[PDB]
**Student:** 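Dropping the structure in here first, questions after.
To find a chain, count down the sequence lines: A is the first, B the second, and so on, and within it residues start at 1. Computation of the quantities below employed the complete heavy-atom set of this structure, encompassing side-chain atoms and omitting hydrogens, waters and symmetry-equivalent molecules.
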Amino acid sequence: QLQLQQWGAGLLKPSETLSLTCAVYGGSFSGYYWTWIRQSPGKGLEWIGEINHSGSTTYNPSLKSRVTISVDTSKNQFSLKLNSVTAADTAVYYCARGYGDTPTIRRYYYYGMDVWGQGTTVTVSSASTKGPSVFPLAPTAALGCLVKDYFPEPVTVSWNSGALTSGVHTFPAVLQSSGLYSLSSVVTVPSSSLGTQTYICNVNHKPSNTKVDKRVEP
Amino acid sequence: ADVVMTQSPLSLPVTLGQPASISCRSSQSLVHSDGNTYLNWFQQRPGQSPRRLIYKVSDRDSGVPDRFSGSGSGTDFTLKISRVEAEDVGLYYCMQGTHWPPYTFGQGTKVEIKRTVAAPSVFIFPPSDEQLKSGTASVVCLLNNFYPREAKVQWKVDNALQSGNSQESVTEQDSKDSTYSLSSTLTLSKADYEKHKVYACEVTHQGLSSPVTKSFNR
């Protein structure tokens, strides 16, 4: 079957230009529209634009003033450039195979958003790299760790170096108004385990070389 | 004028093995001048690209289980799952390929696993003494292992209801017990924290016949 592999930087600052590329394998480069689509929690799925083998583009009217889509037939690749980005452009971006590029193919062939790239997670933010401050949430009992004010994603959170996994909930990161992320991780344990067992949250943030082992106790 | 695609319901809890039905209406006829009706359905499993299940209303993509079927005409469309199985949890979208640009998607339907009502065990956590030095305070309210998803938290500080000073996060449905957990995070500018004494969050859920409250003071 046809396969699409995509790449490009996903961590951007406002006013930068998003630049993604998609390579095509396992099928002809002709016969159908090369397509870009994005997905964000807020707006769902949005068609950005398309291009054919011959270089003819069609864009989404709400984006057309900031979109360029191009094709390189000597490499079976196609590209997206989205200029002047803001936080509102934060999304997962996909390349895909569109409908047949003639009336006949469109009418009689199965093609039409049926093959997709793996996606590129794109975040737009003015923030510089910052490591988290880690605070304990002290106490069947519950306890955990507040992991505050970091950029970029992700942090990794474990408990007692991976030994503790049962009853653990690590919440998804929230973007704070400051432009930095925050999350919490919690565990429930038997109340009788407090006098016998020690709990430590291990929080790693590779970008800032942050490594914190925060004990959580009564 | 862009074609509006309206899916229903936004959330669909299904009992395992039971049928499931997703609606999609368009604001304009989807019948194309070439006589075809261009309506597709997608399944998206977490962290993966959308997968096309159905194209041109009722044509099933190859490799797709026959428990999936699409139907309808004109402006009214329906995806049906005869027997919902474990691997069918996730997001489903319709897409019209008749009027473009732009192609438009539905806002998505989240298929989740229905189980019996489970009340949240609630825990409240005070700001840490280590955090208060940074000139800000965070009070966390935890609602653990509850079903269904729909919950309500209200912050009380000196018995005053708060507004807009809190962010929520939810876990994905647990793989083993099918429950949720939720964090509520109270953000205070320290001065507002020491100014008041008694802290409490009040959780309202289906599983509780009456709002439960955890508390502390300092």
Side-chain angles (χ1 to χ4, degrees), chain A residues 134-148 157 159 166-172 174 182-195 197 199 201 214-218, chain B residues 117-132 136-171 174 177 179-190 192-218:
Chain A
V134 183
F135 310 117
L137 302 175
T140 288
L143 59 99
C145 277
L146 172 54
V147 187
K148 195 170 169 46
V157 177
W159 285 91
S166 187
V168 182
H169 302 294
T170 291
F171 293 100
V174 295
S182 181
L183 69 83
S184 313
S185 186
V186 309
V187 194
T188 62
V189 307
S191 288
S192 59
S193 306
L194 303 184
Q197 176 85 43
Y199 300 95
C201 76
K214 190 60 61 186
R215 74 205 178 277
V216 197
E217 57 187 347
Chain B
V117 172
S121 49
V122 182
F123 304 92
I124 186 176
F125 296 96
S128 58
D129 286 289
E130 317 155 31
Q131 180 189 8
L132 302 180
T136 180
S138 289
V139 196
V140 170
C141 190
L142 167 67
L143 296 57
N144 205 38
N145 298 344
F146 61 92
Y147 192 85
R149 159 72 162 276
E150 301 71 27
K152 160 192 169 188
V153 301
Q154 284 184 345
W155 281 104
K156 278 172 173 290
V157 171
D158 281 354
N159 208 95
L161 290 177
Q162 312 293 306
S163 189
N165 59 346
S166 42
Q167 302 176 271
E168 296 179 16
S169 308
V170 192
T171 54
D174 190 285
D177 63 38
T179 60
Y180 294 92
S181 293
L182 180 149
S183 97
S184 191
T185 296
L186 195 58
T187 68
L188 297 195
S189 56
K190 182 179 179 174
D192 295 328
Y193 172 77
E194 295 292 317
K195 171 173 53 180
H196 309 302
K197 186 167 169 308
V198 194
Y199 295 78
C201 55
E202 189 169 357
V203 178
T204 303
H205 190 259
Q206 185 172 347
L208 300 174
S209 38
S210 52
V212 125
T213 300
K214 297 304 180 169
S215 198
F216 72 92
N217 52 236
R218 247 164 285 282

**Student:** First locate atom OG1 of B/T187, then atom CG of B/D192, and finally report the distance between them rounded to the nearest 0.5 Å.
**Tutor:** 10.0 Å
**Student:** Got a donor-acceptor contact below 3.5 angstrom from the B/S138 side chain to the B/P127 backbone?
**Tutor:** no
**Student:** Calculate, to the nearest 0.5 Å, the distance between atoms OG1 and CZ belonging to A/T188 and B/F123 respectively.
**Tutor:** 6.5 Å
**Student:** Of all heavy-atom pairs between A/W159 and A/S185, which one has the smallest distance, and what is that distance?
**Tutor:** NE1-OG, 3.2 Å
**Student:** Between B/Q162 and B/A160 (side chain of the first, backbone of the second, donor and acceptor by atom type, cut-off under 3.5 Å), is there such a pair?
**Tutor:** yes
**Student:** Which heavy atom of B/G207 sits nearest a heavy atom of B/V117, and at what distance?
**Tutor:** CA-CG1, 3.4 Å
**Student:** Quick one: pull up OG in B/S166 and CH2 in B/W155 and give me the separation to the nearest 0.5 Å.
**Tutor:** 7.5 Å
**Student:** Around B/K214, counting heavy atoms of other residues, nucleotides and ligands shown, do more than 12 lie under 6.0 Å from its NZ?
**Tutor:** no
**Student:** Just by modelled atom types, is the B/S181 backbone N or O under 3.5 Å from a matching donor or acceptor in the B/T171 side chain?
**Tutor:** yes
**Student:** In terms of heavy-atom contacts, does CG of B/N217 have more than 12 from other residues, nucleotides or ligands at under 6.0 Å?
**Tutor:** yes
**Student:** Could you grab the distance from atom NZ of B/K152 to atom CG of B/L182, nearest 0.5 Å is fine?
**Tutor:** 14.0 Å
**Student:** Determine, stepwise, if the pair B/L186 / B/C141 fulfils side-chain contact (heavy atoms from CB on, under 4.5 Å).
**Tutor:** CA-CA 8 Å; B/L186 195 58; B/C141 190; over 6 Å; no
**Student:** Where does the angle between the aromatic ring planes of B/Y180 and B/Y147 fall among parallel (under 30°), tilted (30 to 60°) and perpendicular (over 60°)?
**Tutor:** parallel
**Student:** Are B/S215 and B/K156 packed together at the side-chain level, in the sense that at least one heavy-atom pair is separated by less than 4.5 angstrom?
**Tutor:** no
**Student:** Applying side-chain contact (heavy atoms from CB on, under 4.5 Å), run through A/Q197 and A/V189 and close with a yes or a no.
**Tutor:** CA-CA 10 Å; A/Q197 176 85 43; A/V189 307; over 6 Å; no
**Student:** Look at the side chain of B/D158 and the backbone N and O of B/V198, then say whether any donor-acceptor pair between them is shorter than 3.5 Å.
**Tutor:** yes
**Student:** Can a donor-acceptor pair be found, under 3.5 Å and without considering hydrogens, that links the side chain of B/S189 to the backbone of B/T136?
**Tutor:** no
**Student:** Do you know which two heavy atoms are closest between B/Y193 and B/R218, and how far apart they sit?
**Tutor:** OH-C, 4.0 Å
**Student:** Are B/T185 and A/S182 close enough that some pair of their side-chain heavy atoms sits under 4.5 Å apart?
**Tutor:** no
**Student:** Please work out whether the ring planes of B/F146 and B/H205 are parallel, tilted or perpendicular, with thresholds of 30° and 60°.
**Tutor:** perpendicular
**Student:** List the atom of B/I124, the atom of B/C201, and the distance in Å for their closest heavy-atom pair.
**Tutor:** CD1-N, 4.0 Å
**Student:** Look up atom OG in B/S184 and atom CD in B/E202, then write down how far apart they are to the nearest 0.5 Å.
**Tutor:** 13.0 Å
**Student:** How close do B/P126 and A/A138 get, counting heavy atoms only, and between which atoms?
**Tutor:** CD-O, 4.4 Å
**Student:** Measuring from atom CD of B/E194 to atom CG of B/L188, what distance do you get when rounded to the nearest 0.5 angstrom?
**Tutor:** 10.5 Å
**Student:** Looking at A/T140 and A/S191, what are the two nearest heavy atoms and their distance?
**Tutor:** N-OG, 3.1 Å
**Student:** Under a 3.5 Å cutoff, is there a donor and acceptor pairing between the side chains of B/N145 and A/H169?
**Tutor:** yes
**Student:** Go through the steps for B/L142 and A/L137 under the test side-chain contact (heavy atoms from CB on, under 4.5 Å), then give the verdict.
**Tutor:** CA-CA 10 Å; B/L142 167 67; A/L137 302 175; over 6 Å; no
